[PDB]
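Contents: one structure, followed by commentary.
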Amino acid sequence: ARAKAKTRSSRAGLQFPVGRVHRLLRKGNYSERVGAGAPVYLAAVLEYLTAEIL
DNA sequence: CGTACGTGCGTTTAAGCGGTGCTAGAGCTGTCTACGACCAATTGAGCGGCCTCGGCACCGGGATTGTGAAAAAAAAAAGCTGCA
Ligand SMILES: [Ca+2]
Ligand SMILES: [Ca+2]
Ligand SMILES: [Ca+2]
Ligand SMILES: [Cl-]
């Protein structure tokens, strides 16, 4: 148990910050609990809507 | 000034009622654990700060585009007949 480094954005194959998105969900008063996929799905959508506009 | 719509007739239709019978599926229970909160410790991604240098704002000057008058051609249109 000392095996560190990887980011969730990298796991999901994304550019947008999954971790940040997660925190933002958690800190936003949206729901008491937040699934582990919730931010991944969301971030990916924001990536796509961002990419489409650009 | 033309005919698209409102009125009002007689005829036609199926909405609404009040009821009966069948059951999908809404919604409830109780059980049990995978998952998410929280936690602390650990660490590298993203922040501010800084420096650079190439895109783009600004320029002048000439090429090209777009409008309007004026003169002119084409145009419908306007006072005058004849002939019936
Ligand atoms: Ca479960
Ligand atoms: Ca910066
Ligand atoms: Ca540059
Ligand atoms: Cl989830």
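Please read every residue number as a count from 1 along the shown chain.
Placement of Cβ uses the backbone N, Cα and C atoms for every residue, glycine included.
Annotated features, as they stand in Swiss-Prot:
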MOD_RES   A:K4  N6-(beta-hydroxybutyryl)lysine
CROSSLNK  A:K4  ubiquitin cross-link
CROSSLNK  A:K6  ubiquitin cross-link
MOD_RES   A:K27  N6-(2-hydroxyisobutyryl)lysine
MOD_RES   A:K27  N6-(beta-hydroxybutyryl)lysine
MOD_RES   A:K27  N6-crotonyllysine
Integer Cα-Cα distance in angstrom, A:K27 (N6-(2-hydroxyisobutyryl)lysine) to A:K6 (ubiquitin cross-link): 23
Among A:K4, A:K6 [recorded positions], residue with fewest other Cβ within 10 Å: A:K4
Assigned element (helix, strand, coil) containing A:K6 (ubiquitin cross-link), judged by DSSP: coil
